[PDB]
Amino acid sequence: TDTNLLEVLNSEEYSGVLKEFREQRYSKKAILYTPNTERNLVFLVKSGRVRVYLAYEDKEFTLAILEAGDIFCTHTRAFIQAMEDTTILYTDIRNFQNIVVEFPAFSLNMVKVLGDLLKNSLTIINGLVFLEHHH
């Protein structure tokens, strides 16, 4: 299975179920997504780079840096912001599901990203508990 998703899209000429991806460009420092984003969207970074993060007055957490070929979604309270000029391909979760049943590489990549971010987040929780418990 070809897991280079951008190559799959190009080979297929963004056809059929893949036509539901829309492209959007973001300048450096532009915020893509936040808790106030309405839909559950899935997005694929086509070029550039975004951070997925939680920033507070007293502390910051970087959950991931996503670059070309990485897929993720807007279902969480994380902020997502461009680090540099960035182009994404996005679609709603239903259209992503319609793509997956034809091109499972999209979900295999999503499961990897989500599992990685979940694992990271659980380490973060442990680190906070450690410092609370040792204070």
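For every residue, the number given is its place in the sequence shown, counted from 1.
K.L.:
Comparing 22-30 with 43-51, where is the mean C-alpha B-factor higher?
P.N.:
Taking the mean B-factor of the alpha carbons in each, 22-30 is higher.
K.L.:
Mean C-alpha B factor from the entry: is it higher for 103-111 or for 33-41?
P.N.:
If you average the C-alpha B-factors of 103-111 and of 33-41, the larger mean comes out for 33-41.
K.L.:
Grab the CA temperature factor for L117 from the record and place it in the lowest, middle or highest third of its chain.
P.N.:
According to the entry, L117 has a C-alpha B-factor in the chain's highest third.
K.L.:
Ranked by Cα temperature factor within the chain, is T91 in the lowest third, the middle third or the highest third?
P.N.:
Its C-alpha B-factor, which the entry lists for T91, ranks in the middle third among residues of this chain.
K.L.:
Ranked by Cα temperature factor within the chain, is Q97 in the lowest third, the middle third or the highest third?
P.N.:
Its C-alpha B-factor, which the entry lists for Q97, ranks in the middle third among residues of this chain.
K.L.:
Hey, what third does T76 fall into on Cα B-factor, ranked over its chain?
P.N.:
Highest third.
K.L.:
Going by the recorded CA B-factors, say which third of the chain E60 sits in, lowest, middle or highest.
P.N.:
Within its chain, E60 is a lowest-third residue by C-alpha B-factor, going by the deposited values.
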